[PDB]
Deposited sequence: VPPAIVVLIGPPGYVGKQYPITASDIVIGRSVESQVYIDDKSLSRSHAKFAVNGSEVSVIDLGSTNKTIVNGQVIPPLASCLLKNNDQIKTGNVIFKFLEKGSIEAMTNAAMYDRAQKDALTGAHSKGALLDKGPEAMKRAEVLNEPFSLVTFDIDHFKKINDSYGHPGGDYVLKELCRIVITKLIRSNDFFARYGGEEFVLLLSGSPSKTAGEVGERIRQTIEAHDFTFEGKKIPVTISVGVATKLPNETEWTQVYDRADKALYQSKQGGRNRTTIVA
């Protein structure tokens, strides 16, 4: 069973895709002739190639603009770097893992990535921080809180508030955000949306779209209409931040500025 590379980060549709490295002169590139064809402008048309010498697989940079980087080390043009199991190869904004031994429908593809927020927030946070750092790509976090949630629980019981939390999560994930966006509950009454690739301005606009849609949605629990609004806070990862909760903390401070300004609104910074 031949060695392979698996896409860790790449354009939509590519993550989890495996390419067997069966021979020398297999090329990673954005040219259609590439055996490892990745439709991404950060790759050169012919970016890097493989050399196979029995069991030894090496990668060679082909004079790429955005470099070939193995485990964080730049490989100079035409130099050959011997690969071993679990090495990471970064070519532009695409990152592969090398497997000494390599391993389909609509549900199987969505399982592959954990689309529509299957994952855990405590896993996804660190993933987003690592991605932002390795790609030098903006990462924004939007936090939301239900206004007057204690009043909802007092008036309709804890099961009423539970219904609202569960229903709000359902609507956001299934109707309002992209399948590769990550949305989760965090603590008692808060929600976190991770937007890898989104700068502050964009994150604010997404947060506001969600705020207005939730405001307009009819929450009916056991035949009774519950008024629901949310307050919103937005932050974008800074260079000095190393834990995702640091981004959350600033987003949460923005949220409570939104709440102390009259609630049912969005604040950025």
property	result
Stretches of the record's deposited sequence for which the structure holds no C-alpha atoms	104 to 112, 279
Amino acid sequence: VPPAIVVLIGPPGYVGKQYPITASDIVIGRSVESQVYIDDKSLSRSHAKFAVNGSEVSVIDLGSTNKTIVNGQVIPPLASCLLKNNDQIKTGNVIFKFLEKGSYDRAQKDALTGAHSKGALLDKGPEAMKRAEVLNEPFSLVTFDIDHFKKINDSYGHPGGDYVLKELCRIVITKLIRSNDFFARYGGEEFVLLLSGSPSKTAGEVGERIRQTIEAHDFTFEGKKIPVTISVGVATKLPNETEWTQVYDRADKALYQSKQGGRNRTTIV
From here on, numbers count along this sequence of modelled residues.
| item | value |
| --- | --- |
| Greater mean Cα temperature factor according to the PDB record, 231 to 239 or 218 to 226 | 218 to 226 |
| Stretch exceeding the other in mean C-alpha B-factor - 109 to 117, 166 to 174 | 109 to 117 |
| Residue of maximum C-alpha B factor among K97, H158, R131, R185, per deposited coordinates | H158 |
| Out of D154, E190, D123, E137, highest CA B-factor residue | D154 |
| Where the record places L255 (Cα B-factor, split into thirds across the chain) | highest |
| For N180, the third of its chain into which the C-alpha B factor falls | middle |
| Entry-reported Cα temperature factor of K150, expressed as the chain third it lands in | highest |
| Ranked C-alpha temperature factor of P199 among modelled chain residues, by third | middle |
| Position of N85 among the chain's modelled residues by C-alpha B-factor, lowest, middle or highest third | middle |
